[PDB]
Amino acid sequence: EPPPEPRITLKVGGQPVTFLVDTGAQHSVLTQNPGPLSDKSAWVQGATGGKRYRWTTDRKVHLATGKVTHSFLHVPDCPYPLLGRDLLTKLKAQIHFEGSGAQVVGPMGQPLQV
């Protein structure tokens, strides 16, 4: 069962993750069997309350133009992974609701060759 649109699949640590593309997330989120965790945590404020969640250690993430090293919040209270403004800035993504559904493309309108 995929997250709602807009969504995108990126390779994280070598394997695909399908994210909800989330302009309301300050940083990107994993939710399940996230791999090695840092000892560090962040305070996460959600719509209904806040508490702390652990940072992953660094992950290799395949974007359209290159790999990047990036860390994620591990938030098992979230229903699916969230690709937030941290990674939307690196992708220079555009999100379009004026077509069929909501679609996510690259900086020149290109389906992200990711």
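So that there is no doubt, residue numbering starts at 1 and follows the sequence shown.
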Q | Stretch with the greater mean C-alpha B-factor as recorded in the entry, comparing 55-63 against 26-34 | A | 55-63
Q) Out of 41-49 and 74-82, which one has CA B-factors that are higher on average in the deposited record? A) 41-49
**Q.** CA B-factor ranking of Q94, expressed as a third of its chain
**A.** middle
Q: Looking at the entry's B-factor column for C-alpha atoms only, identify whether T18 ranks in the lowest, middle or highest third of its chain.
A: lowest
**Q.** Position of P6 among the chain's modelled residues by C-alpha B-factor, lowest, middle or highest third
**A.** lowest
